[PDB]
Structure formats: structure tokens, C-alpha cells
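Given next are the chains, with one letter for each unit.
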Amino acid sequence: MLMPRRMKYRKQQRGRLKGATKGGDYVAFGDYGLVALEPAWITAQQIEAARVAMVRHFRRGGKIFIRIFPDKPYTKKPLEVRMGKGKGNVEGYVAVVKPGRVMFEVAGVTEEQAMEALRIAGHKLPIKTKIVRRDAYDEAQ
Amino acid sequence: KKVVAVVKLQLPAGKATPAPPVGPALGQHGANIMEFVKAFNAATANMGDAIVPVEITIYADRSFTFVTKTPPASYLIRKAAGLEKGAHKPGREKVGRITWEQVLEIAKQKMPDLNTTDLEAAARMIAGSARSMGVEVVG
Amino acid sequence: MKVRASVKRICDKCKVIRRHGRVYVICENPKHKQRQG
Amino acid sequence: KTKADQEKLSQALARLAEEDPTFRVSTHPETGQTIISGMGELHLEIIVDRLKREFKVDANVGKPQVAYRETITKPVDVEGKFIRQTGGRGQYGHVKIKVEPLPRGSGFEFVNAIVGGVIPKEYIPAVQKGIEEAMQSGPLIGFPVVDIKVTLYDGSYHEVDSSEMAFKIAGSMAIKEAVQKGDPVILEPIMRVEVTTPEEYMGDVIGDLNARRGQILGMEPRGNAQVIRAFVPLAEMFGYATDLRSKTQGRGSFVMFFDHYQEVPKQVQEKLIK
RNA sequence: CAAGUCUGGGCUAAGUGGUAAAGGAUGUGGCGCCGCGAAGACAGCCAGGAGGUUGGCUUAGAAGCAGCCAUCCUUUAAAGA
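Residues numbered from 1 in each chain as written, not as in the entry; some residues may be left out. Chains lettered and ligands numbered in written order. Part of a larger assembly, values for the part shown. Heavy atoms only, no water. Residues with missing side-chain atoms left out of burial classes, pairs and counts.

A. Seen up close, the layout of surface pockets. All names here are of chain D. When its volume is computed, the second largest pocket comes out at roughly 310 Å³. Residue lining of the second largest pocket: 13 residues in total, with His-28, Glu-30, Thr-31, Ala-67 and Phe-143 positioned closest to the centre. Looking at the lining of the second largest pocket residue by residue, the classes come out as 6 nonpolar, 5 polar and 2 charged. There are two domains that each give the lining of the second largest pocket at least three residues, and those are domain 1 (18–68) and domain 2 (69–187). (1 Å grid on protein atoms, 1.4 Å probe; cavity = no way out; pocket = protein on both sides within 12 Å on 5 of 7 lines; lining within 4 Å. Points joined across faces, edges and corners; volume = space filled by probe spheres on them. Nonpolar A, V, L, I, M, F, W, Y, C, P; charged D, E, K, R; others polar. Domains from an automatic or database assignment.)

This is the structure in C-alpha cells:
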């Protein structure tokens, strides 16, 4: 799992997921990448579950680059409780993902293998995904 | 009164006991299973070991026949390098070796078996069997 | 592998048929005999 | 069943063993249960009718048990203390040992590793009868903890407090913990088998044997037949008669002999903790 | 149920229309780029489909065909360790 070690605020507000990405919409590291097609909230577990299966799939493989990072506390009031009384405690964390965002990317591996691993990752995620290569990701400084 | 044959056994050098696969498969041969450990180990008393392929053919009169080839291409190549085993992983690991001539000497040993009638080709089949067991060829 | 919601090709000898508005998938191993549903 | 029927059964064989010496009755000398030697399913079966009916005994019919053994992986060394100074028979015993696993089929070995004699002469036999004792009930389930070497390489004592017996405990304490500590491992019985079979049925023969936790060792043919040698676990070995004669329509025969003991695949570790 | 069963061009064959997702599919139209092209291509027929060599390691045994590597030679019109 992954998560902030410290934090100014234990809880923060919802907010809303829009288009664009702000950044990380390009390669820059490995050789192949996986990108978000719909915006969403990936939970750590969601991520983790992949990153596992990612590695799993290709015994003795390259380096796997998780380009995203959760940091939005997930709130939730307990079960069987009415409204009010303050906010809700944390549940987990999630990373606000938006389309065009390069979520993960592998480096050093046969295409046959990259095209596979990434494929499976997409299955542990909630959102539809694309695999991009490396053409014009040249200069995005 | 069994049926006929072009039996393609593969018996090593010396070990000629009626025990299978020389019993079931030469049980329809009438095969003098003992007129081998003498007529064999006579010719291969030279060599010593190394398997020696053999084709014992039966007929109806219930007699046998058999011609033998050469010892594995991989044989002469183990002793010509202080080897026994290949190199487990051919290629990356050399354990011993054979020169441009030592290979051209073994193609002589098995040239009346392969197919080509040179050495420029024949030798190649041995230099090929080099990396088959990770035994780089000296040049 | 008969009825399902994800019918695919489980080995080269398989073939994605579609008789009758229904995508069937047939092979030599009666195990791969599918059909989407 | 209840000890009541344990009697009807006695007579059962007491007359059935005269009326048919083609069996043999044996009370497993290590663990009550009695084995009923038969010569084929049907055989034991039809006895189960008569012996249960014409004798109205109604007992149990499951299967033989397996002579397991306990032991350990990593070697350990712990303190064996005992001391109880209140006022007199002080009861004072204390030793430290060297436990080290030994190859599966090593046996039992102690080590009198004491220098000048911080551990008196007269007290060792009892320190061993102690250790030797405790090896009885395994740490896991309770079976002969075997295949280890023990080393007594220290231990003090008391002038007036120690006792022959006090050490038997101390020592039976140091052992009762070395085993617990060095991660126990459930050893089990392996057999030697040789099916005599026409290489006709062979094909499945070996398969069958493979999917029985067993691992082959060879098949140097005989006559029209062919013999197969290999090891297997008694648990995954039962009722082999009507299993072999199956894959062979009767043309199949086997033998069996004991050999060694060997660890269980962990999957079989937690299996046995029942 | 008042006013075009109006006109030109295109699609859809489930009544989709006539309310649902991941995930599936030689659905059906339509664009694209890029290879082979009659010294004979695609399907196609009958053919041959080899010898070193059961490559070497490993294994009970692996011989093209568990699995690690390795993938050269060969006689050729061509046949893969």
C-alpha cells in the first residue's frame, strides 16, 4: 500500500473530477504506458492489486513505474448512523485520476510482454485504459 | 512364429544381456542375443564405451541381422575437452574446448555416416555440436 | 465452458460461430463448446 | 464400538480364525486398534457381513493409521532451569543443551559435554532418562520426536538441593522446549512398492502412482511382465488391491516394504493439525 | 389526433427505435495506410517433409513436442535442433 506519511489535514473536502490532467500525460520513463481514459478515484488497493498482478505476470521482469500517487483521504461515516455529528473518519486513500494521465508504465520488457501485463492491469482497475508507446513524448519539461 | 522387423534398438557398448528392450522386441526375432556381446565388443573393444546404434532386422525363417553406426557426435566431444557433461547452459559457459583441427579430426570419425562428403561441411556439424554443449571451438 | 458473458477462443481449433443471433464458439474438444449468455 | 462389543469380536475370530486361516488378526502394538488381514476387498467385505451379522457385533470400519514422527528443522540451544529453594530438598537442577536436527534417519544421540564436572557424575543418567522421556509425545501432535542429536554442554547444581530426579525434569525441560523452538516438522512413513504388471496397463499404472504423492524409481522388465519400483506415503496408499487390480483387470500384483520417514509438504502440515 | 404516408442523399435490420455496465463478438456498412501480384500468388490436391542427433543440461525417462538453455550444420528445390 502507499500513502502520505504526514499531512497538514487528516480530512479534506470532496471536490470534483474534470477533464484534462494538469500533467503526467506523457511517458518520460519506461518504454510503454497505461493511461486513464475515464476520470476516477483509484483506491490504493485497486492500484496495489494491479501492481502485484503486474509484476506477477512477468517473473524476472523490468522495472515497474507507478507514476501516480494517492493522497486524498477517503471519508466514511460508520454503518447504521444518521447524518450530522461532524464528518466521517478516514477509510483509506485514493489518487484523483483524470484522463490523459499516465498511471503506470513499464520499462525493459518485450512488447509481447508489455502488451500483456498492461492489459491485465486494466482489469483490476475500474476505468477503461489505453497503452501508449513513446513517440512524441519528447520534451514535456 | 512372430512377425517381421526393422528393429531400431539403441544399445550401449558392452551391456549385452537378453534383458529388455532386447527381449520383447527381439522375442519376435529369434535373435541370437549373445552373438552381439562378442561380435560387438570385438569391434567396439576399440572404443570402450559410447552407445552404438543398431538395426537388427528379422525375417520369416526366424533369423536376424544388424548394422551399427557411430558413437554420438557428442561423445568424442566430451573426452576432447576434459568434459563429461555439457555445460548445462550452452553458450555463456565454456568448460573446455576443441581446436580448428580437433574438430576436423572427429569429422573424420563420423564422416561415413552423415551426408556430406567433405569436411568443410562435415566439420561444421561438429562445430555446431560445440555450442550444443557449450564447448567453444578453438581457432 | 458452455454458457457465459465472456466467450473467447480457448485454443486454435476453436471457431466463433454466430448462428441465430447467438455467438457460439466451437472446437474439437467438446469442452470449448460455448455460447454467449 | 463401545468396549461392550470388543468382546463379541474376541470370540468372533476365536472361531472364525479356525474356520478360515486365510487371514490374520493383529492388534497394532503401539496404538490399540486392530488390523484385519484380508486377501481382497470382497474377502474382508464378506467377513464384515458374517462377523457383523452372524455374530451381531457392530463396530467400526475405517482405515489403518500412520506411524508419524516429530522432529525439527533449525538447531537451538535453551536453558533448562528448575531450582526451588524454599528450605531443604531445594530441588535444584539446571542445564543447557545443544539441539541440532539430524538427517532423516539419524536416530538419537546425546553429548556429555561437561568440562571438569559442573554437572555431577551421578546425575546424568537421570538427566537423560528425562530427555529420552520427553521425546515421547511430540510437540506437534504427540508422536516419537526423532532424528536429533543432543548435547549437554553446561549446567550447574546445588550441594544439598539437587536430586537425581530434579535433573530428569530440568533435562526434560530443556528438551521440551528445544523442539518447540526449532520449528517442528511432521515426518511420515514411506514405502517401497513393486507392482508386477504387463506394460500394457503400465501407462496408467505409473500415473496413478504419481498422483499419489509418490515418486518413481524404475522399471527393469521381467518375462512378459514388467516391474516398477518407487516410494509412497501410507496415507495416500490405501486399499491398493482393488485399485491396482483395477487398472489391470486382475493381471496386477504388488508388494510393499518400509523404508524411511520424511517431512510433509506443509499443505500436509496444517492438514494434520486437526 | 389538427397539419407532408413531402422531397434529395446515407445508415439500420434487432422492432434496435420502445431507457442499464464492465466485458465479449468473421455483426453491417464506410474510410484508411502498408505487403504479395500470373518467372503463378489466397484457399488450394497430390507431393517430399531427411541425416549430425536420443542437441547439451536436467530426469525415472525427455528422443522436435515437461523444462532450462542453445538454435549452428547438412544434402538441397526445401525440411525448424
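After that view of the structure, there is still more to cover.
B. The arrangement of the pairing of strand β6 (residues 102–107) of chain A in detail. Residue and element names in this part refer to chain A. Counting buried residues in β6 gives 6 out of 6 residues, a clear majority hidden from the surface. Bridge analysis of strand β3 (residues 63–66) against β6 gives 4 bridges, and the strand direction is antiparallel. Bridging across to β6, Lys-63 finds its partner in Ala-107. (Buried < 20%, exposed > 50% of the residue type's maximum accessible area, 1.4 Å probe, protein only. Helix = DSSP H or I, 4+ residues; strand = E, 2+ residues; numbered from the N terminus. Pairing = 2+ DSSP bridges.)

C. Broad picture of the arrangement of the chains. The closest approach of any C-alpha atom in chain A to one in chain B is 18 Å; the two make no contact. Regarding chain B and chain C, the two do not touch, and the least distance separating their C-alpha atoms is 32 Å. (Contact = heavy atoms within 4.5 Å.)

D. Broad picture of the nonpolar core. The biggest cluster of nonpolar side chains holds 23 residues, and the ones touching the most others in it are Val-95, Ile-97, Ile-119, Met-135, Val-150, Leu-152 and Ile-175 of chain D. Among the elements of the structure, β4 (94–101), α3 (124–134), β6 (148–154) and α4 (164–181) of chain D are those that each provide at least two residues to this core. The element best represented in this core is α4 of chain D, accounting for 5 residues. Setting aside chain neighbours within four positions, we find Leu-152 of chain D in contact with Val-95, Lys-96, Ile-97, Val-111, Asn-112, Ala-113, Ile-114, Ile-119 and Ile-124 of chain D. Residues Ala-40, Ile-42, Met-54 and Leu-118 of chain A belong to the second largest nonpolar core, which totals 20 residues. (Core = buried A, V, L, I, M, F, W, Y, C linked by side-chain atoms within 4.5 Å.)

E. Empty space enclosed by the protein, seen in detail. Residue and element names in this part refer to chain B. The calculated volume of the largest cavity comes to roughly 100 Å³. What lines the largest cavity is a set of 14 residues, among which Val-22, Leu-26, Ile-33, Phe-36 and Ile-56 lie closest to the centre. Split into classes, the residues belonging to the lining of the largest cavity amount to 12 nonpolar, 2 polar and no charged. Estimated volume of the second largest cavity: approximately 60 Å³.

F. Seen up close, the packing of aromatic side chains. This structure, assessed with the given rule, holds 9 aromatic pairs over all chains. Both rings, one in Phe-36 of chain B and one in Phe-40 of chain B, keep their centres 4.9 Å apart while their planes meet at 25 degrees; by these two values the pair is stacked. Each ring, one from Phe-64 of chain B and one from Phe-66 of chain B, has its centre 5.9 Å from the other, and the planes form 5 degrees; the classification is stacked. On the basis of relative accessible area, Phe-64 of chain B is assigned to the partly exposed category, the value being 26%. Classification of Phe-66 of chain B as partly exposed rests on a relative accessible area of 27%. Connected via pairs of aromatic rings, a cluster forms that spans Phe-36, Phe-40, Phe-64 and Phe-66 of chain B. For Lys-98 of chain D, the ring lying beneath its charged end belongs to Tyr-153 of chain D, and the centroid distance is 3.5 Å. (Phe/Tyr/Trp six-rings, centres within 6.5 Å; stacked < 30°, edge-to-face > 60°. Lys NZ or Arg CZ within 6 Å of the ring centre and 35° of its normal.)

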